[PDB]
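Chains E, v, L, u, Q and w, in that order, are what the protein sequence lines are. Under the authors' numbering, read the first sequence as residues 210 to 216, 261 to 348, first letter to last. Positions in the second sequence are counted from 1; adding 1 to them yields the authors' numbering. Positions in the third sequence are counted from 1; adding 30 to them yields the authors' numbering. Positions in the fourth sequence are counted from 1; adding 84 to them yields the authors' numbering. Positions in the fifth sequence are counted from 1; adding 73 to them yields the authors' numbering. Positions in the sixth sequence are counted from 1; adding 73 to them yields the authors' numbering. Step one of this worksheet: look at the structure below.
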Amino acid sequence: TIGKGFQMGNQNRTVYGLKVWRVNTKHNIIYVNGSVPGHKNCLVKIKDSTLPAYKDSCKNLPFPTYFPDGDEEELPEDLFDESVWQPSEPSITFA
Amino acid sequence: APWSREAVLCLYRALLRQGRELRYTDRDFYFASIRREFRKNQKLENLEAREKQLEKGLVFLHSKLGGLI
Amino acid sequence: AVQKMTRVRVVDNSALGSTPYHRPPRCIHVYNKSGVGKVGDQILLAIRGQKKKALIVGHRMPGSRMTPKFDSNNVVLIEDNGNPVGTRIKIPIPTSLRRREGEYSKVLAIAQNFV
Amino acid sequence: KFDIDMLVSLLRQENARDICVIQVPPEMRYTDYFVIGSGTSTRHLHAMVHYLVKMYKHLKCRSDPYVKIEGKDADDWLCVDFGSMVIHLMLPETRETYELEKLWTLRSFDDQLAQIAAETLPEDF
Amino acid sequence: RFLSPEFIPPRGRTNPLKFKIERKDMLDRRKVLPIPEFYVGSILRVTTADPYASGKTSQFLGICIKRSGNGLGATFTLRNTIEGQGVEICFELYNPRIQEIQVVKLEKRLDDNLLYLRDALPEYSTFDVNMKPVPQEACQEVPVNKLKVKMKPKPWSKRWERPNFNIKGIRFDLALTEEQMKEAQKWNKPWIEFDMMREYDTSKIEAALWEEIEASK
Amino acid sequence: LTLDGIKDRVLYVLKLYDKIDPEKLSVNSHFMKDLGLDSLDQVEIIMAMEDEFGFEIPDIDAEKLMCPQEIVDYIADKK
RNA sequence: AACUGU
RNA sequence: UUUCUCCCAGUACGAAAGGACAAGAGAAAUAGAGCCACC
């Protein structure tokens, strides 16, 4: 966390249960719901959710990891969640 | 009293036809209320005030019973 | 942001609200778990020496984006039975009250002007 | 699906004495249809109000969530908010006093609108 | 060449890549929804999808009073008085629920911010919602309304008379004596206008943005 | 069409309306004076006749009829 | 009583 | 972290009157840890 000096902060903290909205493969940018502790441009540690509900999510994901070297199927540059409205899509009308 | 009493006969008659053409609403209430509207208001009015009442009814007539559905 | 004191305007045709009165209105209670009252939040208003429930329909506190910020605090009186005290509302009323959690159809069924 | 025509037919079955339906153009940011209903007595009001919701829940609307009933506490005015239509069920005497039909037929020209008055907030001293 | 304010990045340590990605989304969205050129003081009518209503859209008309935000998150506020109630709505340019944007009257006002119009007389802020679009000249600058608004009694939301606000669209003379201005001028901070540490130049950035925006087209 | 059928049917629709008192509801029964009808009162009187016989009567000449037999003739020649 | 960061 | 509503369901149960569980969903509230796209 951001340190505030004598008044504080500068303590390791973890935020749990943050969903991923989109991933940019070209720049390796992951879009994550909510806020993350620390200042902008601050390194963070990311690991799979440890909540009991999401005990085994790696079964439907690249189990060891994603290997671009294998290139089994080239992924899209920008990965979007189904609910997410991509830019250039038609204006949303609440019908 | 009216600028033209002829409009009233045409105005009132269409309201009754619309009531028979008005399905979703309760026909019984529409008939009684509409007849009240003429009886309550048209008995005594001034030319300027009457013009507003008849003008709104004319638009009421000409706009699918003024949106009554 | 309706809160302690907060001079308000009674947008209703209720006899107590309609009649002018000398005393500025000091709202007493906000019917919410939180202490701040916003649009659609029930509140208790003292009018003509009497206490009547009121529903907020406008506020001067800065609001969320894409919404109109009202220049006056507007309220509508609601009876104990749940029917509105007044049969008419004059100020434009936001239509978000319909989706807002609670019973707002009656008040909306009394609001002529919608923005 | 649950639509305007189905409910009004159901309203006829439960014998609503007064039914009024007002459509609203898209420009107005409110419900497509506003409906006003009447019933002889509070017991009749409760029965008809429950019937429409029970039919609504059975009649598909799985995508839509369950609709809570508003105004059941009041013995003279009950209102149910459905997805595309709002039905306000009251007594005949209660109906005429409120004049909901005038509100929507005359959006801003209803007579009782003028009857509203204002107030003051001056400094006492 | 009118470069919209949102494209201009603010000074900071934020990654330039974020702006490039944000601009791409902004440029791509602009194709879906046309964002007309407008300035504060212009009356606009904006069509937006209504979430509370079901399958219904609405148009709101008001004078543009303030522009804020940058990038995809940029928003604009337009003010109007409806049924005697002053209303200001902050519209996000790239929100998918804005169906269409129409500049009913493209014009500018004396000040870049018109929040003082709340303290001005209602007529200066009253605009007909149904007013039809007025003609505009493409090969001209937007008309600048130089009418000076009259204020309400001295108690205001903000002390516009102060040099910090420096509002040029207020009839201070009518409502304020010269002595009151001197009291307000006690906060002049004349050194501020002469300080070069508060100056940030985006002319080069603005010029560069123009080609990038046009290239995307 | 039967003129007598229209005469008694026109009288019948006039009889149906309740507000007017059929003290003398003759085939020549007048409206403004015999029935004491206001400007609006004659309106609905014509309307009841209009409903029975397929309407399409305009007031330009209806307010001039002033009696059931005259409308009977107007109905007879228009059918 | 109002007034204001009390 | 806690509360409320909904759902399950007017179902189970019960002669009726009346009326649940658990599981699931949505709202909030407070506490804790944070965050500045917007206001």
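Note that beta-carbon positions come from the ideal geometry of N, C-alpha and C, so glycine has one too.
- Taking a contact to require three or more Cβ pairs closer than 8 Å, the segment 44 to 54 of chain L and the segment 71 to 79 of chain L qualify as touching.
- The C-alpha of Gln175/Q lies about 11 Å from the C-alpha of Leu106/Q.
- Between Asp324/E and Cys311/E, the C-beta spacing is not below 8 Å.
- Residues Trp4 of the same chain have their beta carbon placed closer than 8 Å to that of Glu52/v, with the five preceding and five following residues left out of the count.
- Judged by DSSP in its simplified three-state form, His128/u adopts helix.
- Closest option to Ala158/u, judged by alpha-carbon separation, among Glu133/L, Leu85/L, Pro124/L and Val69/L: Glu133/L.
- Along the length of the segment 282 to 308 of chain E, whole beta strand (DSSP E) runs at least 3 residues long occupy 282 to 285, reported in chain order.
- Interface residue (Cβ-Cβ distance to chain Q less than 8 Å): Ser126/L is classified as such.
- Beta-carbon to beta-carbon, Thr154/Q and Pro195/Q are separated by about 6 Å, close enough to satisfy the 8 Å threshold.
- Counting along the chain, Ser44/L sits inside no beta strand (DSSP E), nor does DSSP assign it H or E at all.
- Residues of chain u with a Cβ closer than 8 Å to the Cβ of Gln158/Q do not exist; the shortest Cβ-Cβ separation is about 13 Å.
- According to the DSSP assignment, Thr181/u belongs to the alpha helix (DSSP H) that extends over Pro176 to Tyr182.
- The beta carbons of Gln199/u and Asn43/L sit closer together than 8 Å.
- In this structure, the beta-carbon distance from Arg191/Q to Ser230/Q falls below 8 Å.
- One thing to note: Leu62/v has its Cβ within 8 Å of the Cβ of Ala15/v.
- In this structure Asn113/L is buried. Its beta-carbon is surrounded by 16 or more other beta-carbon atoms within 10 angstroms.
- Within 10 angstroms of the beta-carbon of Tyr13/v lie 16 or more other beta-carbons, which makes it buried.
- The alpha-carbon of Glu287/Q is positioned some 25 Å away from that of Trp338/E.
- By the Cβ neighbour-count rule, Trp264/Q is exposed, with fewer than 16 other Cβ atoms within 10 Å of its own.
- The C-alpha of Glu214/Q is placed about 30 Å away from the C-alpha of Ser131/Q.
- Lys88/w has its alpha-carbon roughly 16 Å from the corresponding atom of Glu143/w.
- In this structure, the CA atom of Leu271/E is about 9 Å from the CA atom of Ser288/E.
- Within the segment 41 to 64 of chain v, those residues whose Cβ lies closer than 7 Å to any Cβ of chain w are, in chain order, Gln43 and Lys44.
- Within chain Q, the residues whose beta carbon sits less than 7 Å from that of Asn143/L are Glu156, listed in sequence order.
- Less than 8 Å divides the Cβ of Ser198/Q from the Cβ of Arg152/Q.
- Taking the CA atoms as reference points, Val285/E sits about 4 Å from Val273/E.
- Chain order gives no chain u residues near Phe39/v, where near means a beta carbon separation below 7 Å; the closest approach is about 15 Å.
- Chain-ordered, the chain L residues with CB closer than 7 Å to the CB of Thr148/Q read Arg95.
- Secondary structure at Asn277/E: strand, using DSSP grouped into helix, strand and coil.
- Per DSSP, the unbroken beta strand (DSSP E) holding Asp331/E starts and ends at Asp331 to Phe333.
- In this structure, the beta-carbon distance from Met96/L to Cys163/Q falls below 8 Å.
- At least one CB of chain L lies nearer than 8 Å to the CB of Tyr125/Q.
- In the structure shown, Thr148/Q adopts extended strand secondary structure according to DSSP, grouped into three states.
- Boundaries for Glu173/Q: no alpha helix (DSSP H) harbours it, while the beta strand (DSSP E) harbouring it runs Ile171 to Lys178, taken from the DSSP string.
- Less than 8 Å divides the Cβ of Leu143/u from the Cβ of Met90/u.
- The alpha helix (DSSP H) runs lying completely inside the segment 257 to 283 of chain Q and spanning 4 residues or more are 263 to 266, given in chain order.
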